[PDB]
Amino acid sequence: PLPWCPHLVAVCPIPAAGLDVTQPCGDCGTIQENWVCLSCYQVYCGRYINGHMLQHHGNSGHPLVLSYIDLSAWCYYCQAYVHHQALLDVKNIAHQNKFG
Ligand SMILES: Cc1n[nH]c(=O)nc1Nc1ccc(C(C)C)cc1
Ligand code: NA
Ligand SMILES: [Zn+2]
Ligand SMILES: [Zn+2]
Ligand SMILES: [Zn+2]
């Protein structure tokens, strides 16, 4: 992945509620291929289901999203995966919820 991108500044503090990697899409309710937005922590489905996270990027401009399938982080502006120290806390909290 890229070691940095100019949109990491838009990653917001993790809710005290934590993350639920089984949360469904906020628009269509699917349990498949969901992502969480790292700006406002809403959950929406991926490009191969109904494309609601791409729609959320378009209507909010929020840049960076985390996959509940593989814990990768994608930037919609850079069109690339990113890994950085600024993403470790959210990835680690998601890993703990997913795997125990
Ligand atoms: C996460 C993601 N979202 N949109 C997209 O167009 N591509 C994405 N992933 C992706 C995975 C593999 C590759 C390879 C073929 C270089 C490219 C993009
Ligand atoms: Na589809
Ligand atoms: Zn959806
Ligand atoms: Zn968002
Ligand atoms: Zn970026």
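Positions are given from 1, in the same order as the sequence printed here. The figures here come from the full heavy-atom set of this structure, side chains too, leaving out hydrogens, waters and symmetry mates. We count ligands from 1, going down the list as the structure has it; atoms in each ligand are counted the same way.
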Report summary line: Honestly, for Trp35 the part within reach of ligand 1 (heavy atoms, under 4.0 Å) is side chain

Query - Joint cluster assignment, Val65 & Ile49, ILVMFWY side-chain distance < 4.5 Å - result: no

Report task. Establish whether atom 11 (C) of ligand 1 and some protein heavy atom are separated by less than 4.0 angstrom. Result -> yes

Query - Protein heavy atom under 4.0 Å of atom 5 (C) of ligand 1 - result: yes

Query raised in the report: Heavy atoms of the protein only: does one fall short of 4.0 Å from atom 17 (C) of ligand 1?
Result: no

Requested in this report: Verify the cluster assignment for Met53 and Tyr81: are they in a single hydrophobic cluster under the rule of side-chain heavy atoms below 4.5 Å apart?
Outcome: yes

Query raised in the report: Does the shortest distance from the Na ion (ligand 2) to an N/O/S atom of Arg47 fall below 3.0 Å?
Result: no

Report task. For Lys91 and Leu71, work out which heavy atoms get closest and say how close. Result -> CE-O, 3.3 Å

Query raised in the report: Considering only the protein, which heavy-atom contact is closest to atom 7 (N) of ligand 1, and what is its distance?
Result: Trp74 CH2, 3.5 Å

Query raised in the report: ring pair (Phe, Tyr, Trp, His ring centres under 6.0 Å) with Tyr44: which of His56, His52, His57?
Result: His56

Query raised in the report: Does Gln32 offer a backbone N or O that forms a donor-acceptor pair with the side chain of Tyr68 under 3.5 Å?
Result: no

Query raised in the report: Parallel, tilted or perpendicular for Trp74 and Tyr76, by the 30°/60° rule?
Result: perpendicular

Requested in this report: Check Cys45 against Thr30 and note the closest heavy-atom contact, atom names and distance.
Outcome: CB-CG2, 3.5 Å

Report summary line: For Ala10 and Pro63 the tightest heavy-atom approach is CB-CG, 3.7 Å

**Report entry** Is_contact(atom 14 (C) of ligand 1), protein non-hydrogen, under 4.0 Å
**Finding:** no

Query raised in the report: So what does the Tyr48 O - the Na ion (ligand 2) - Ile49 O angle come to, to 10°?
Result: 80°

Requested in this report: Taking the Zn ion (ligand 4) as the reference point, name the nearest N/O/S atom of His56.
Outcome: NE2

Report summary line: re atom 1 (C) of ligand 1, the protein heavy-atom contact at minimum distance is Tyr81 OH, 3.3 Å

Query raised in the report: Side-chain heavy atoms under 4.5 angstrom apart, residues restricted to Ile, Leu, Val, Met, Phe, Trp, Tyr: same cluster for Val11 and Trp4?
Result: yes

Requested in this report: Please verify whether a non-hydrogen atom of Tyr76 lies at under 4.0 Å from ligand 1.
Outcome: no

Query raised in the report: What does the angle at the Zn ion (ligand 4) come to, between atom ND1 of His62 and atom SG of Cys37, rounded to 10°?
Result: 110°

Query raised in the report: Using a heavy-atom cut-off of under 4.0 Å, does the side chain or the backbone of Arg47 touch ligand 1, or both, or neither?
Result: side chain

